[PDB]
Amino acid sequence: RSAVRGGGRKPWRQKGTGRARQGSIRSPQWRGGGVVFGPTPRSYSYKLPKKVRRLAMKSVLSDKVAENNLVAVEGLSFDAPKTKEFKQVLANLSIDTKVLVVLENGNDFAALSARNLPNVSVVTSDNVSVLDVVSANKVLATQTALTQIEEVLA
Amino acid sequence: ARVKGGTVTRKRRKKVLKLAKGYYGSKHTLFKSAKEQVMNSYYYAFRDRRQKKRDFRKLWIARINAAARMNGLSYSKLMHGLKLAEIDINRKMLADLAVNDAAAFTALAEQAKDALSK
RNA sequence: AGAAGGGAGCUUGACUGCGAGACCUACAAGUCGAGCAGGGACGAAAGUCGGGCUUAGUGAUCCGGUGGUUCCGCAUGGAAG
RNA sequence: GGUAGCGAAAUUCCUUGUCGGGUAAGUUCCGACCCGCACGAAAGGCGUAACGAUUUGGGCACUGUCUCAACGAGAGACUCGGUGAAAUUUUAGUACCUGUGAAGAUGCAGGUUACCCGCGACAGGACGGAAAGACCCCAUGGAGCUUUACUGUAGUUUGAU
RNA sequence: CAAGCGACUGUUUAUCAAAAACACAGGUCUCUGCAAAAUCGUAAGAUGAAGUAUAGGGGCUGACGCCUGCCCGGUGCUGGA
RNA sequence: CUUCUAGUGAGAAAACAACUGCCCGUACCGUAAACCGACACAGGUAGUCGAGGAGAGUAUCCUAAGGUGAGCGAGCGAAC
RNA sequence: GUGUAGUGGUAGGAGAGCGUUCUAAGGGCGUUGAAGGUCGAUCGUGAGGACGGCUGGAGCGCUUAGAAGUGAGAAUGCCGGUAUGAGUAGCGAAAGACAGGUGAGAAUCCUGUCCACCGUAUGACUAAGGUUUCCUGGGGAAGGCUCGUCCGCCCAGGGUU
RNA sequence: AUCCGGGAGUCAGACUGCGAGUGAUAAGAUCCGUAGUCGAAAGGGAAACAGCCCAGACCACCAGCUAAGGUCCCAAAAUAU
RNA sequence: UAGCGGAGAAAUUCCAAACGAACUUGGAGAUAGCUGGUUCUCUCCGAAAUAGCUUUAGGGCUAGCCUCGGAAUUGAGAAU
RNA sequence: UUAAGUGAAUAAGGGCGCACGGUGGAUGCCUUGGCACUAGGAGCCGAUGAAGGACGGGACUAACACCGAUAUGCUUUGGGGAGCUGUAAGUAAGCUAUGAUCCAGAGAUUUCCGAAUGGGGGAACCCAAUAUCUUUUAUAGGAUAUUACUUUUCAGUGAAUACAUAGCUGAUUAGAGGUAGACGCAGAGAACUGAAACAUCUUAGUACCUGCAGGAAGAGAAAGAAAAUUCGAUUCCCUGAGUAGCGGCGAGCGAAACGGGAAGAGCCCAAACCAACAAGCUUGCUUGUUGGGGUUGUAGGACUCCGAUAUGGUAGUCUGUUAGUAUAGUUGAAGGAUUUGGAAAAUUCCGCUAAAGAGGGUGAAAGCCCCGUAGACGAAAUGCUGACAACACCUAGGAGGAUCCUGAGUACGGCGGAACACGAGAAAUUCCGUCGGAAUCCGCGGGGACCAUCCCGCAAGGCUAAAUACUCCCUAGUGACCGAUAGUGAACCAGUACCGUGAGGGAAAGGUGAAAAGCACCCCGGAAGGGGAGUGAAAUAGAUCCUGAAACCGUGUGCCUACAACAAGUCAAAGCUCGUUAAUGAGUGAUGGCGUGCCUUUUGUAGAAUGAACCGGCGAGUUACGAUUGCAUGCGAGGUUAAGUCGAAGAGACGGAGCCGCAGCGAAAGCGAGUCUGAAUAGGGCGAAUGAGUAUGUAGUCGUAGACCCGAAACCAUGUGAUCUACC
């Protein structure tokens, strides 16, 4: 009400016209008036106890291993980032469904071939989050990335 | 997040209307008065559904009156004798018999006459 | 009227710390109390006495005053408070 | 401790006071009387020529104001052609009596009257329409005004520096 | 033809009151010696006035005629030491 | 505008002839259908001129010069 | 299974559900017709849900969880459209008639004749004020309280020394 | 029934048997005690009718028994003994 | 000549149709123990109009009457 | 044939259902504009004439844009490589491979008003002076340049009054207005409201006015904080903490130090002294101006005496040299056929590419048609940011303590007011107005009245980057944000139309189809309008142009209605016409039974109490921060992070200052499973004896906030009005 470009001059008298009483052109009932209890800018974000985060990550990974979905590859290498080979890498490894790839560090020549059909998505070993694992079915990860994961996770 | 009011209301109102086909004037094209009319019709339907069962007794009773009285049995003494000779016909069947099967009705009236004669 | 009424002798319990348990009641309040300790009064003792035959004679809190006090006191010892 | 003057008055409750005049008949008017509820000398007392779209009583003249109405003219109203609003409005196939009821009913109850549709007139009723009572109370509501109500202050004055 | 009110010519609530209301000429008290009192403004500045007590402001009464009694205890004002 | 002096300070008058003269307003209505009133409104609008017969006269009655016939009508001839 | 028992209800406390928009993943439909609209004699205890016929022509369902500008018949509510009153009241003072034009069309425009109204003004000139309404030639959709070939209206050109 | 805790509405009542007050031993009056019903109660009877008499609807049926009150006709039942 | 004001031959009269104190914007979504309204559904239970105190009497607090979740002994509830 | 009795059918008009149109624009889908933010740039413009405007400029010119008498545009340097002369149809005129139009960077011209500045003024107008040059024989006419006010420097002139001082004249320096409706520093400073009234208090030093700025401002190098054991400029954030305090001790107001973090940074004067110049030359050595010397609490400096004459610095330049970047760009991978269509990107076969599967467009829905994206390259001109060059500037030890210096009407006292959480209170600390008035290192200030011992500092002179607040504007982005009654008031020629004298108030209005292919030709008609024929997949898509609901207005017809008192229905039901989501069917309805609308407020309603004319659309318990209880989850005598850093505006780890529980009683000293009161080991109040918490989600309630919405009469602060009316 106080933000609409309106005015504070009454429409007309309080009596006389027999009409109802009105205070301002701009007001909730009138067409083109302010809103009552409309949405304001807010936050929505909030954190948890520090232990349950770790319990969550552990639980997710144990669940995925519980059904033979972590496929541990020895080591991936490409001199040049040729997208086609990656497809063949999975074709040999028989992973066709929605998948997730975990890499060790800046051996980027193995990530620059992960703009595939969105069946794949790439991520290093410092950003493995909950969703980026739960949302997928199979997970590829080199042998060094496994140990690296087994470090940060204490 | 602004939820508009597209077509949540007409479904409801036009569902009310159809329940008011054939009302004696502008009580079938005014979504304010059709509703009150439907309400009162519901009240009346409920009450009278408990009267449909009243009348037919008074009706069968008058018919047993007419027919029976012709045999010299008042509409009481007939029922009394019947419930004394241990005969237990239901009024509805007695009315139907009195209207159609005069011979059988007279047979029953004879048995009753015999009954309270004791 | 076995007196709470009325005379007479001595006295100051018209005391300090209390209180099991009850009555009353929305609260805040008000009423009763056997009995323990200290220290006494009158009586030879037994015993009675924490005001007057019982029920009215009164006013939160905030603030100010007077006495006392093994309480506190902005670096410390005092003091103001 | 109210003099001169006035005195049922722009002031008198009892009150249509009492007597006289005016009218066939006068609580209003005019004259006189004092028992001034409660007149009074610059918030002036008592006379007064002229003046008043001022208030009050009585005559003459005149007349439809009246007994008591009648007739004539023009505009509206009425019929036909053209144009074309408004306030109001829960839905309505909207009778009368005596009851009954939030204590006066078109609509309830019991009776009586009543073929369907219009057109010109009247205004008893629809607690009729227009203004969310101007009378009255309340709001621990306002605003304007007074004072020897409370608290302050502009302003005027007094003393030290 | 008589009575009340008001002396008169004026003025008044645009839009429910035009009078017996206000004005009004005359009466009387009172203030003010000029940078006058008084008023507008914090002040400079202004009006009173290019005036000077036969002048200028304030209060009551309201042509004209005859008049205008008693009380200073109370409240103001002025004077007092 | 007329004069008098102080006054810088060749020799200007008048012949006649012939030339030069800047910007702004100018249509229309204007007791109205063109302005002020929401209207093509029975209201308001300052100034000049404003004729003839009688008649004191710009009063009244009919008229000159001059202008208008008004923005819904045709019938009937009741109540009110 | 089977017995026993209970099931009115305002302010109010408790519990379980229907529906709208959007986000996420999974799975789907769509020019061989989606959303939306209309009709149907269908299904569940409710809120509500399907199926088919016609219109329509580009996007929407279903499952699990999440977040809300999430549900309307009343505020003498606010905005738009349309009713009743009703073909009713009104058409804003003043005298016109005929002939002939003009034209798709005429009481309402042009022309003619007689009549009639004002004439200290309903006549002539100016100051404000208005701001192209002035003139010439075309037009008739809207304004003109009806009509209109006409206009202070619409279109085009041109006028203020 | 008691105790601890989370969440409220209510503070304008009415009439009718009974027993008392003020009133005039008047009021559909007013102010208390006690029981019911209405408020928050529909169905039957009292012609119609909140508060009187009878009785508390989860729902369906064109079955059966009774309460208050009734039995010539409107209107179901006895023109009963 | 201006609103804490102006002007008034004085009436609470006038100051752009409404003046016991002009209009317009801002504080401002002022305040209201007062009035009006507040949207989908079913199952379960279901009241009160009283006492006390109140610059209180149509408002409020606690108490009583209602509902929901737990603890514990009961034998405490009830009607004869 | 008489008589008695019974008695059907027809509609001036109306009701119900069905079927078809008309007006009106809800609803479905859609976007040409919005809203809230993120990262980065940028944070002033002006006497060289600003912001904002008036008038003009085109073949046609009413408007909007761009431009300015060089007017729909001039010059130059780079980009680009085929059409072009805006909105906007059309015609006439042309331009262009000798590289147009267009994009980007530099320049040139810029009418009139406006601080407006020669004078005047009702803004976009009028009239001047003086010099120079022009037209006509000359007069008039035309153009150019200069001419305001104040102050800061300098000359001259000057005079009541002599000397010189006002003053005047001339030259010279700087100002003067605007705003970004934001952020900052001050001067001045309210009322409604809460306290259930109201005076001290609060609302609040807020709203409004005015002055002064900056890209940031304000503060800043201890007369500090502390209280053993110390630390050493300022700002900002977490926690301390709703604590100590204040308060008609009422409603309410409410800190600071310690601790953890972000960013870091310190300098320059006065004085005492030393020299040169000038004056009184007291010729005593006083005055002054320069230049030198010196900047502090562990007291420092001067002053004397010796060493060295180095060594380290920058918060300066618009000075060069380089590197980067902002403003135009360039390059940029891979598809055919078949079935439905008017049209494929759809469907079915068979292929290909990807550092490119983000997005937008094409006749429906595209990795492979088009614009692009991932990559890779690129500047003649101009600007910024670095770096290192050069130049500018600044900075030395040790030892002595005889004498000198270390900020005056200042500190501080009385009085009266304000500022500190602190309302005079026992009131320290800080300011303002008035009066009184200190010492000089053996000295001074402070440690919350005041004194003593102790401890910590040196006022009355200046400057100072960063960490912090804001967004009119530009660039690129994002959103469990809106989708024409929403979102800005405004998606369209909007602060416009319109209303008011004036300040001021302020709307409604988007949608043809893929492409105008926007209906040639005939016919009725004055026209408008219509009927064929055509365009089109579809004209019921024909310009009122997608879909097209309801109130409201009509046409046709199956059933009923002219002896009937109807909250308008429901239960019962004859006949008449039908034939469905196929099931104890649909429509209508003679005749009988029964029956006083809906909402709110009330002891009570049909009320003759109160609201609705009807249909559609919008239109009310929410969110942030605290507190408490239930449910659930992770650890459990423990739980647990905050600010902040790296990270995609995420996750996702570090970060142990701090809070809560584990011990209570007492006002307090204190005591401790006990303690308080008391003479008491008495008794009594309160807790222990097993007794669990904490972090987060969620929901119910409460508190501060406008807190469920609408509704006054009034109050305070800047403005606008005497064209009506009142007086002059």
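A short reminder: the numbers here are calculations on the coordinates, not readings from a lab. Positions of Cβ are generated from backbone atoms using ideal geometry, with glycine treated the same way; all protein chains shown enter the neighbour counts.
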### Task
Test B:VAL99 against the criterion of being within 13 Å of RNA strand J (Cβ to nearest atom) and surrounded by 10 or more Cβ atoms within 10 Å (Cβ to Cβ), and give yes or no.
no
### Message
Can you tell me which of (1) touching a strand residue (DSSP E or B) at 6+ places or on another chain (Cβ under 9 Å); (2) farther than 24 Å from A:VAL134 by Cα is the one A:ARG115 doesn't meet?
### Response
(2)
### Query
Which is under 27 Å from B:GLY22 (Cα atoms), aromatic (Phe, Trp, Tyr) and within 14 Å of the chain's Cα centre (by Cα), of B:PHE56, B:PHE46?
B:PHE46
### Query
Could you give every pair whose Cβ atoms fall below 7 Å, whose first residue belongs to segment A:133-154 and is surrounded by fewer than 15 Cβ atoms within 10 Å (Cβ to Cβ), and whose second residue is part of a helix (DSSP H, G or I), counting only separations of at least 6 or pairs across chains?
A:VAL134/A:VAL60; A:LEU153/A:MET57
#### Entry: Considering residues of segment A:22-63 that are under 20 Å from A:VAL4 (Cβ atoms) and basic (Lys, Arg) only, the residue nearest to the other protein chains (Cβ to nearest Cβ)
A:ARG31
#### Entry: Unique match (being within 15 Å of RNA strand G (Cβ to nearest atom) and either on the phi > 0 side of the Ramachandran plot or in contact with a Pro (Cβ under 9 Å, 6 or more places away or on another chain) (or both)) among B:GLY22, B:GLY72
B:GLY22
### Identity of the residue in segment B:15-38, exposed (fewer than 11 other Cβ atoms within 10 Å of the Cβ) and either of a type outside the set (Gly, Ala, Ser) or within 30 Å of A:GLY38 (Cα to Cα) (or both), that ends up nearest to the other protein chains (Cβ to nearest Cβ)
B:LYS32
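Whether any residue in segment A:71-82 is among the acidic types (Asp, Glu), away from every other protein chain (no Cβ under 14 Å) and either more than 30 Å from A:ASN116 (Cα to Cα) or surrounded by 10 or more Cβ atoms within 10 Å (Cβ to Cβ) (or both) is what I want to check. Working first, answer last.
Step one: filter segment A:71-82 for residues among the acidic types (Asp, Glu), giving A:74, A:79.
Okay, now just the ones that are also away from every other protein chain (no Cβ under 14 Å), so A:74, A:79.
From what is left, the residues that are either more than 30 Å from A:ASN116 (Cα to Cα) or surrounded by 10 or more Cβ atoms within 10 Å (Cβ to Cβ) (or both) are none.
Within segment A:71-82 (the criterion being among the acidic types (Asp, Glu), away from every other protein chain (no Cβ under 14 Å) and either more than 30 Å from A:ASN116 (Cα to Cα) or surrounded by 10 or more Cβ atoms within 10 Å (Cβ to Cβ) (or both)), the answer is no, since none of the residues qualifies.
Of all residues in segment B:62-75, which are farther than 12 Å from B:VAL99 by Cα and among the aliphatic types (A, V, I, L, M)?
First, pick out the residues of segment B:62-75 that are farther than 12 Å from B:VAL99 by Cα: B:69-75.
Those that are farther than 12 Å from B:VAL99 by Cα and among the aliphatic types (A, V, I, L, M): B:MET70, B:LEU73.
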### Summary
In the set A:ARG53, A:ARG31, A:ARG19, the lone residue that is on the phi < 0 side of the Ramachandran plot, surrounded by 10 or more Cβ atoms within 10 Å (Cβ to Cβ), free of Cβ contacts under 8 Å to residues at least 12 places away in the same chain and assigned to a loop (DSSP other than H, G, I, E, B) is A:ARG19
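Could we say that B:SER41 is surrounded by 13 or more Cβ atoms within 10 Å (Cβ to Cβ) and near RNA strand J (Cβ under 6 Å from one of its atoms) here?
Numbers: surrounded by 13 or more Cβ atoms within 10 Å (Cβ to Cβ): yes; near RNA strand J (Cβ under 6 Å from one of its atoms): yes.
Criteria met by B:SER41.
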### Query
How many residues are in a loop (DSSP other than H, G, I, E, B), touching a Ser or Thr at 6+ places or on another chain (Cβ under 8 Å) and charged (D, E, K, R) if we restrict to segment A:103-139?
2
